[PDB]
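The chain that follows stands alone, in the form deposited in one PDB entry, written as structure tokens.
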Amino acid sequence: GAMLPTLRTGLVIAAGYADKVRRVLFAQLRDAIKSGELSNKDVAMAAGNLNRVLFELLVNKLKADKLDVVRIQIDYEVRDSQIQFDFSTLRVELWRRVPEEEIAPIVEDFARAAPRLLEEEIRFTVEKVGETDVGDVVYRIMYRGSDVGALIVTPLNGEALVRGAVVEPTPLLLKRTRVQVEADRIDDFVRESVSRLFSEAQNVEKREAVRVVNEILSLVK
């Protein structure tokens, strides 16, 4: 009734799936082999059997190219000195390669505009989402009309505290910042200043940005 361990290859070029499967299976069963529950031979045969099935599935049925990408997982049971895969748990993902002829032109041309983009300031817009229990105001942040983050403003007297994050086009964290407000409406000040505020935000992991966006949005909902 307990969950079974799972053989997972992660992403691998299709030409390499067989040795990925074998190496992962050996790594997972290293202790079973040292303990004498299983022999090397047992594990090699189990991996070889699974590769034999995958070959028919990936190469003959799905027609995967050797330069495509696959990810495979399957659960297995080791008991009574025998390994059995549970094929009802087999999952296969496939990604098909975009021909270089199609990509390279685009990349080449784009690389010419790149040195500009590296430095050029990101322009964002905002729309009000609501207020918190404590009277903070929450805004959604957008990049080219699409939602990418959130901002939270705490009104003071002719100033305010601002904090927020965006996930795109690069993940940024705007740490608590105190700013003088020169506009009757906080709304007006947020509209004209959001891009300037983020021009000094810090670069972080996407995961961190996502957490902060979600925390802020949760305070209004």
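Note that the rigid core is defined as the largest set of C-alphas that superpose within 1.5 Å between two forms. A residue's number is simply how far along the shown sequence it sits, counting from 1.
Omitted from view is the form deposited in another entry, to which the following refers.
At a threshold of 2 angstroms on the CA positions, core aligned, which residue out of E56, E159, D65, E192 shifts between this form and the one not shown?
Spelled out, the residue whose C-alpha shifts by 2 Å or more is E159.
Residue shift check between this form and the one not shown, rigid core fit, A183 Cα at least 2 Å:
Shift of 2 Å or more: yes.
Thinking of the 3 angstroms or more shift, are the C-alphas of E215 and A183 brought closer or pushed farther apart in that other deposited form than in this view?
Closer: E215 and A183 approach by 3 Å or more in that other deposited form.
Regarding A183 and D136, go with closer or farther for their CA spacing in that other deposited form versus this form, the difference being 3 Å or more.
It is closer: in that other deposited form, the C-alpha atoms of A183 and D136 lie at least 3 Å nearer than they do here.
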